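Structure 1 and structure 2 below are the same protein chain in two forms, each given by itself as structure tokens.
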Structure 1
């Protein structure tokens, strides 16, 4: 089957077709379809005007303007609002009424390309593997990151959340123009890790995506995360301003100015440290979503009515915050150096700032219940990893799923926990599933690039890819185009049952009550403490 030229709302598009099997199994590949007209700096997206005759969709366009390794904004260009579609094809004839799985990349909201990092055409987010096995259409798309993506003054002079709008624009395009590619319009599945996970959440919660999303999958990130919303945006708008020589004495004046400023300078004005800083790095992420009067109307925790009829899944990697706490504290040297009570306290202090010393010493105690002297440092270093994992991903997620469940009209909820430890020979032996370790497995990387992967890896990859895809089709992580090695039971507030995910996927896999106690300390105790 060869879809050849497809008829979008903008005109005919034409992409390759790749020979897979001999019994006619193929894969139509479309790279670079524009979903929106090149955006006006610090302005909402506008539909694409359309083209002349036929668009040669054969290559990944350029990512949105972003900083390289903060030394130069040497990446991407203001023009980047495109999407890449993967349609698996059948010998007898072209695919029809298939499920659709859109993917939202993540990079602290300040980084990212729809193609995903690569090495000699080995694109981290190549939706071929996931599409083939699943027999589902993979859609990856670009969106504005960095200041240009979410710069805000707090009020109508420059609301922010442009990046999200872009995301919403893609979805809207995939809703309208997917049937022509053979997809099922009324079966759109949003899925993404980190900022993407937070984005997945935000999109479902946003009243703008009313009837566009059918399924949703957040991973290592949810809207309720601390890093997922900017509480004081105007504090940072003023900063960029002073750097780009704009008037900081009035929002209207600022805005008018910023929109006129050279995007490269607007981008390179902000630089995340990544070095000895007084405060834990969470405090430096500045440009991320915010609450506005329309997209994200209220606090995400209050918007969950909207995702009521949106099947949902959310999970976390057991040691998700390891990455981060690494830079915050060089714990990882489970060799020479050793962390102390003071080093742990300081950490807790910096991570509790909102509630002050009251919340600080309280939290310290609750995380210091168990013990292990300097001789048994391992428990300490692990605890820090646990501290970060809790506030950064676990707890927010835990309240997200729980929250969804309570509000679900008719929508299955599920939660997981990627336990498959990292290969990273650098980290201490006690290392579990770090942040982003889930990615490769979800993308069939173990099958696309076998050498450098072993059975287990192909097993986890196959499992996850088995689940996501079944989910995308029916909503049940067990039902669809593939068989599941272990049954994924729908989440219940009572049991707080989660599917642990790793090599051994049998029956004991679905566990219950993952740190319900800390869910309690944060949701009930620490929360009651006064804001300082």
Structure 2
């Protein structure tokens, strides 16, 4: 069948119907529907007022204003709040009451576009494969990124989180209109990776999404990740106002200035210092969400209450840290480059600055227990990847599933570990899954563009698409429109069970206790060490001028 012209809160919308077989199977595809009005620089989004007549939603609109790679603070403009929809259709009748999956893209909160772009190893986000292979409606949209989406003074002058408001507006529009297209409003599921994985998390915790989200999936990213929350907003708020001529040490005037400063200037003033220097950096992504007064009204760890009736999946790739540690210690497969013990200590120190050399010393100690030694420079390099994977993805993720499992009411909880080896020619033979390697499988690339894909890739992709969509349908990965390769057991604090996802999907894919001892170190021992919180009175309550 064909949807045709659908009437939504704003007016009529028309997309294209792509035929997929000689038997009626088609797929309606709408692109460019506005969920909000063109946002004003550093200002929250308003609902879109509507339009007269029909909207021809046939192509992705401008992605949000962001920087290219080197110069160009160009990639879109402020008018970018658009969403796209993919509705699988039969032949007999039109689809109705279908699960809805809203995708939130990553890109370190600084880059990103619904139009399958702004990402590295993988980037295209076409919902056709998922929609059609799982009989699910797939949605994608744009949310403000960069200074323009997350710049904040840390007070009423500039709260920040504008990018999170946009994501919320999308989710809201979908809640209110998705039935027009054949979706079931009470079966909205969110999924995302990296910053998108964290956004999904933060969106389930926000009181604003009280009863909008039914289920959620976070991939390589969660709200408790050290990188998801900016502890000291003003810090970079001043520095930005430094590059662009604005009254730095006067929040009010500074905020007024910025809000009127040129978007492209504001965008560009933020250049990631990925250069030739080893000072603690290369993971100082200043523009990320913050704890403001309302959207994220407290530390994410205390907001769990909001996600108690939300079915949740959270997972990690066995070497998520590889991509990042490489930027610090550029020894991937550099056989003619060796990592010394002090090299490891040096990385540790930088990673544990807030706890002094005591923290650095405890960490180095726990992490260097194994006897593979110098001779096994592989093991050394191996542990350096474990370290950043644990710190940036795994630990935060374990705490989030446990936390969710314990405070769950009716919600289900499932976690996973994706380990399909990266066959990137420029990485060492020991490589497992790196950050983002999951994307191609989740979005069904091995099927969409099979050229260059082994069958194993189609095996994995068939499984992941099956798990995600079954879950999006029943809250259970093992029950839905598709056949699951191996049973995925619901999480328990008792077993700490995780499905290892790869080509060998069988009864033995369900495993227990992934790096329990390190969870312990980071959460008990380490945490107990005195912090260099030492900031005098530069603490959250003192000297914030009553917000």
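Positions refer to the first chain, counted from 1. Take the two forms, find the largest set of C-alpha atoms that superpose within 1.5 Å, and that set is the rigid core.
*Asks:* Given a rigid core superposition of the two forms, which one of 252, 118, 377, 77 has its CA shift by 2 angstroms or more between structures 1 and 2?
*Replies:* The answer here is 118.
*Asks:* When the two forms are laid on each other by their rigid core, does residue 277 show a Cα shift of 2 Å or more between structures 1 and 2?
*Replies:* It does, since the residue 277 C-alpha is displaced 2 Å or more between structures 1 and 2 after the core fit.
*Asks:* Hey, core superposed, how many Å does residue 334 shift at the CA between structures 1 and 2?
*Replies:* So the C-alpha of residue 334 has moved 4.0 Å between structures 1 and 2.
*Asks:* Residue 90: how large is its C-alpha shift between structures 1 and 2, with the rigid core as the superposition reference, in Å?
*Replies:* For residue 90, the alpha-carbon shift amounts to 0.8 Å.
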